[PDB]
Each structure stands twice: as structure tokens, then as C-alpha cells.
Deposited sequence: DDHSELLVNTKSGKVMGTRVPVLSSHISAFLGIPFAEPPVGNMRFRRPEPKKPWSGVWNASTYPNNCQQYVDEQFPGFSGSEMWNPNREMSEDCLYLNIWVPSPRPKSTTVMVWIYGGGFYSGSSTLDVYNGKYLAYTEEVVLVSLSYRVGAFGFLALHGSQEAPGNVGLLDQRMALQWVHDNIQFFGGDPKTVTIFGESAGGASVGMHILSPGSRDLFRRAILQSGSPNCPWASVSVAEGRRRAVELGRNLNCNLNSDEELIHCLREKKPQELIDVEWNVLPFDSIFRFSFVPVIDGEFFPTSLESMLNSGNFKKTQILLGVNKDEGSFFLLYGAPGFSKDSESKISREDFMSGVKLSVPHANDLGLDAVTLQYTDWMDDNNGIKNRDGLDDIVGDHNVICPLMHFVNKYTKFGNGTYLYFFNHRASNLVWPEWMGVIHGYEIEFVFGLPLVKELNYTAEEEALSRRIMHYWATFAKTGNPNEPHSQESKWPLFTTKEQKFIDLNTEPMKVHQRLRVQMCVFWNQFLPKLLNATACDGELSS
């Protein structure tokens, strides 16, 4: 039977699913770790004990426990990102879409979801792997990992809540794929991990971390990179936030044992309810529990690892969207609203930059403001809104990714860079948000090929070339079929725009602004 696969952990029974008037097989909710519940909450994941009998893999698993977005009740724009399954701490499962008939040894792609390390689900309709699997003949895998305090509460030195366990969940799933994907027809020697935002930062983290390198062949990072300012914290900041979380739950704070014990008795929603109270600053685009530079998963600082070539050398494909910051301003900066054009006054612009660069002294704040203000037209509301949008996107996504790419390329074996700037014709979000953070995902997963979703024919064509660029890169380490996407090089720094117009090649993606964020501002904050 095509739907029965025998793995090293036990037999699994899949289900047949329709896709673009055909069918492929799906193995949903395969467990890859023991349930991290009870006294195992905050601990490193344990591998799933083999089971006898047949694991029913016909339906999606629970999603991990997480904050749920209620900003726009019922609005599809925001709810398409919320958990669409019941939540549970028992959430460590993976899903596999396999072409029919079963491949013998084909290219594998493993998706790692984003969500700021505090949210995310592998079961979202925009992450349905059937279109990509089917269209490109690849075995598509989506894993899951603990988020929020459950995945990243860090009390360095403690073995009970060491931190990074969410990253270790991802690693365990990659280990399982390495060990078992052959039985699904996948080639374990040709696995590409790919992910967006925190998922893209996670991808870069596995490229860096010695303990993860051997489990995959190449990588794709969308709108995220490991060195992003919101993607990690020191063990000291992690410790301080863990303690502050305990202080919010009236925990005994005398010892780590006392703290962890108290946190383990709290129901999931008690932790989620106060999670946001531990941030050190009034900020935007910052999340409470994220990866920690612990000296283990990350042997040293991320910058010294990037500088020294201490990372996996292979090919990478990565890029960003045009208006990465609009989401974060809508949700937390004064003057931005879902239903207005959100023209920003000069005072809101300034309160916007303070929120955007929480770690900056006043000189630094002045440097940012001057860098993004058109002084011939400082009261232009559209300009202030857009300027703020760029500050958020440049600081949080684009410039960190550009710093990663330039450092990586010195030691890597091949880099392909894109700038995604097509705004979907059917976007329900307002016009002022532009080509929003996360809205290239639907094209990567091929939603434009399903007529009912209402995209345009040219949008379907774009989705098809992105899928084929992604799958061909996974297969060969080059997105081009043997009009060309050129390699990004240290010298030339070439990249392509990704949209419905004839490909166009450019160079030095946002250099001007990124020399500011990657070279001048940090030098400025360190001297003052």
C-alpha cells in the first residue's frame, strides 16, 4: 500500500489527498519526540519511543501552546496565521506530503514556520505542502517546535530549562527526517531546510550550530536571518526574563529549582497571559522568549562565528519582501490603523522610531530620524508612514539579512538573493502596508494555482516560477534550469526582484540604509 510506510519508529498510515485535479499521499501528525509535558516542560526534547501497530497519520496534529492574535476577530488577514487546530503542549509532530506514485529517492524540502518564536503552526492553510510536493515532485516536510516560554525559557546552567529547547525540537525533527525520509521516497542526502522570519532565522541557526550542520544539505531563508536583533538574547537577558516571568506568576524566586517548579505547575494559558510583560523596553518587533547565545547550541557570539567562517559551508537562497515593517507598526505604533491610510504626523513618527530601536540612546534616535526624514517635506504624512515602515523593515529584517549574506558568501559555496516586491492582487490588508511581511509564502507554497483563491493568471505564473526556483535550488544548489538568476558574489552583490514583470537584476540591496544599520549606528551606540 502506497499509504503505509514502515519507519524506524514504527509503521505509519497516511491518507490520499486531492490536489489540482490529481492526488498525492499525506502523512499528517507523525510524532518525532516524546510529549514535552509535565516535568518535561522546558526540557530538551526526548526522541519518540517506537510504537508497535500502525500510527494513524491521516489528520493534522495539535499546534503548540501560544499567544493567539485577537486584534481583528474574524478578519482572515490575521486569523490565517493563528492556530487552526486545538492547542496542546503535546505538539511535537511533523507532516509529510509525498508525490504519487511514491518516489524512490527524490529531493526533500523541510519547512520551518515563523511566528517570532512565540507562535506558529505547521498546519496553516498557507503552509499546505501538497501544491509544492505535487507540482515539483518533491517530498515536502513541515516540522513543529515549541514556542514562547515552553520553547525558549532560558535559565543558563540549569539542566531543567536550559534554553533553546525549541531549536532542539527542530533539530530532532531534522534527525528523524535524516533517519526515515528514505522510506517515504525522500533522499536524506538532499534535504533543504527553508523557513520564513523566525523560521528563516532558525534555518541560519542550524547553519551555524555545529550540532545541526550534518543533518541537511542546503538552505533557504525568507525574511529572516540568525543575527536579527529580535532573534536571540544573552544568557543574562534570558535569565532576567525567566525570573520576571516567575515574578508575574507570584513564583518563589529563591532558586532556579524553585522557579522552574512553580512555572511547571502553571497551566499553559497562565504563562501565555503574562508572557509580554517581561520585555525590557517599550518596543515593537521584540519577543520575550527566543534563542539564547549559550555557548552550546551557539559556541560563541553569532558575529564571531560569521566572521570566522564557523558555520556550514553550502549553497543558500534567501531574500526579503519590500515592506517588511508594516505589520509591526499596524499592531503597535501610534497613528497606524487597519482601516485608514495611516498618514503619520511628525510626532507619531518620532514616537515610532523610539519603539523601533528600543536599545538606542537619544543621539542614536536622532541619527535614525535624520537618516529617514526628508527635511524638504517633514510633514508629509505618506512619507512619514513609509519612512517608519522602512526603518522597521531595514533594522529588523533587511539589513541583518544583508549582513548575514555578505558574511556567508565569503565562505559559502553559492548564494542567490531575491527582493520580493509583488503585492498580491487579492490581499485583504490595506494598501498602505504594501508587500507585507509573510505574503511571499503563499507564492512559495503555490496558492495561486488554485482558481478559487482568486489570484491573477500572472500571479499563478509567478508562483510557478518561484516554486520551480525553490525546488530546483533544493535539488541542485542552483535555482536555474541548466533568463538567469545570477549568483550573489562578494564583488558584484547581484540580486533579482521577484514579481510579475520580466526579471531584472540589481546590485547592493539597500546598501545606503544598511551601511547605516550595520556599520555606523552600532559604532555610534558603542561610543556613546
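Sequence ranges 1 to 3, 486 to 489, 536 to 543 have no coordinates in this entry (deposited sequence, numbered from 1, C-alpha basis).
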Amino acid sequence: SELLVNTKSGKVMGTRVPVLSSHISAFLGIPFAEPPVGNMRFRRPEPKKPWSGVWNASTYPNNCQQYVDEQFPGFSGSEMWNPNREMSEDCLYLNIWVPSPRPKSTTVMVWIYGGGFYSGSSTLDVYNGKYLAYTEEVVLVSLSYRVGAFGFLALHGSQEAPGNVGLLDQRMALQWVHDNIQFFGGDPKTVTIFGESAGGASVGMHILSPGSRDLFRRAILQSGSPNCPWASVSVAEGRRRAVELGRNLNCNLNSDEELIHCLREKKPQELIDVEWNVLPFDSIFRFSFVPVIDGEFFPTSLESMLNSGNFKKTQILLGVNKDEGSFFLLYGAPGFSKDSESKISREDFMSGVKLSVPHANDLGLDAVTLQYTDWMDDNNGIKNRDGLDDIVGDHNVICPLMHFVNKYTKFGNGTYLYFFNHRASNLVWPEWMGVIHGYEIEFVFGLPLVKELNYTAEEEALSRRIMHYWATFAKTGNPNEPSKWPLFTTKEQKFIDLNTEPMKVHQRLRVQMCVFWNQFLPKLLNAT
From here on, numbers count along this sequence of modelled residues.
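C-alpha atoms forming the largest set that superposes within 1.5 Å between two forms make up the rigid core.
For the pair 163 to 171 and 278 to 286, rigid core superposition yields a higher RMS C-alpha distance in 8 other deposited structures of this protein in 278 to 286.
Relative to one another, 112 to 120 and 244 to 252 have unequal mean CA B-factors, and 244 to 252 is the one with the higher figure. Stretch comparison (195 to 203 versus 332 to 340) by mean CA B-factor in the PDB entry places 332 to 340 on top.
Out of 160, 394, 169, 323, the entry records its largest CA B-factor for 160. For the set 437, 266, 286, 178, the PDB entry puts the maximum C-alpha B factor at 266. Residue-level temperature factors show residue 403 in the lowest third of its chain, judged at the C-alpha atom. Ranked by Cα temperature factor within the chain, residue 470 sits in the lowest third according to the deposited record. Among the modelled residues of its chain, residue 226 has a C-alpha B-factor that falls in the lowest third, as given in the PDB entry. The deposited CA B-factor of residue 218 belongs to the lowest third of values across its chain. Among the modelled residues of the chain, residue 515 sits in the lowest third by CA temperature factor in this PDB entry.
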